[PDB]
Amino acid sequence: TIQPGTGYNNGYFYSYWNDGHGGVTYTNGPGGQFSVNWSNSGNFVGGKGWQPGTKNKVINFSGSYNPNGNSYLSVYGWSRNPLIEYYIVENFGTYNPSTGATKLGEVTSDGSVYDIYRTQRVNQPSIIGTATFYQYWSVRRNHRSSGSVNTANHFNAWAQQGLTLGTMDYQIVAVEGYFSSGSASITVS
């Protein structure tokens, strides 16, 4: 069980961040496993993966995801020059994270249609401090708690919609929570 921060555990990069509100217990397990149990948390995001990620990685994940309020399970990562924060949402509860974003199109990948969106984050935290950057989204219509994600399908779809990606920074499978409660246990590979 660790506090917010980044590092490596059992061959995988991990990142855990929260807004200072408590109620969150994030734990790194064997291999690419991590578990997060939260009770009336604030905003937080945590998970395991790679540093840096690639633009053709096939990511596998499996586990249990039981949110009770705003939350989502997704491939989460960044790129620099251009600075981009992206998500390939596999499951979520109560609130579709793409809400308010502009829809650019759709893509059919790994057994489901995903809705593609783009939105701008103004003066928000990021891997390089406070900044303004674009956020790309691929939201799976058929929610699931395990499977494989061919990241290339989404990056290529985004590129088709004119959404360029810079040099990859971290790339993980993360569980997010936003003023809610819930539990999750995920193994990444």
# chains A, B, ... in the order shown; residues from 1 in each chain; ligands from 1
>>> closest_atom_pairs(of="segment 70-94 of chain A", to="segment 150-165 of chain A", cutoff="7 Å", atoms="only C-alpha atoms", output="Markdown table")
| residue | atom | partner | partner_atom | distance |
| --- | --- | --- | --- | --- |
| A:79 | CA | A:165 | CA | 6.2 |
| A:82 | CA | A:165 | CA | 6.3 |
| A:84 | CA | A:165 | CA | 6.7 |
>>> write_last_selection(atoms="C-alpha atoms", output="mmCIF file, in the first residue's frame")
data_model
loop_
_atom_site.group_PDB
_atom_site.id
_atom_site.type_symbol
_atom_site.label_atom_id
_atom_site.label_comp_id
_atom_site.auth_asym_id
_atom_site.auth_seq_id
_atom_site.Cartn_x
_atom_site.Cartn_y
_atom_site.Cartn_z
ATOM 1 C CA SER A 79 2.744 12.206 -25.200
ATOM 2 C CA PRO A 82 2.559 17.717 -28.747
ATOM 3 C CA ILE A 84 -1.459 15.070 -25.099
#
>>> select_by_dssp(residues="chain A", states="strand (DSSP E or B)", output="number ranges by chain")
A: 2, 5-9, 12-18, 24-28, 33-38, 43-50, 58-68, 71-80, 84-93, 102-109, 112-124, 127, 129, 131-140, 146-150, 167-178, 181-188
>>> closest_residue(among="A:46, A:182, A:22, A:125", to="residue 92 of chain A", atoms="only C-alpha atoms")
A:182
>>> atom_distance(atom1="atom CA of residue 65 of chain A", atom2="atom CA of residue 41 of chain A")
16.1 Å
>>> residues_around(residues="residue 135 of chain A", least_positions_apart="5", cutoff="6 Å", atoms="only C-alpha atoms", output="ChimeraX atom specification")
/A:84-86,118-120
>>> write_last_selection(atoms="N, CA and C atoms", output="CSV table (one decimal), in the first residue's frame")
chain,number,residue,atom,x,y,z
A,84,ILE,N,-0.1,15.7,-25.0
A,84,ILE,CA,-1.5,15.1,-25.1
A,84,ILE,C,-1.7,14.1,-24.0
A,85,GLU,N,-2.9,14.2,-23.4
A,85,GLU,CA,-3.4,13.3,-22.4
A,85,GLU,C,-4.5,12.5,-23.0
A,86,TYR,N,-4.4,11.2,-23.1
A,86,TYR,CA,-5.4,10.3,-23.8
A,86,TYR,C,-5.9,9.2,-23.0
A,118,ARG,N,-12.5,14.8,-28.5
A,118,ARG,CA,-11.4,15.7,-28.3
A,118,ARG,C,-11.9,16.8,-27.5
A,119,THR,N,-11.1,17.3,-26.5
A,119,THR,CA,-11.4,18.4,-25.7
A,119,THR,C,-10.1,19.1,-25.2
A,120,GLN,N,-10.2,20.4,-24.9
A,120,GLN,CA,-9.0,21.1,-24.5
A,120,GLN,C,-9.1,21.3,-23.0
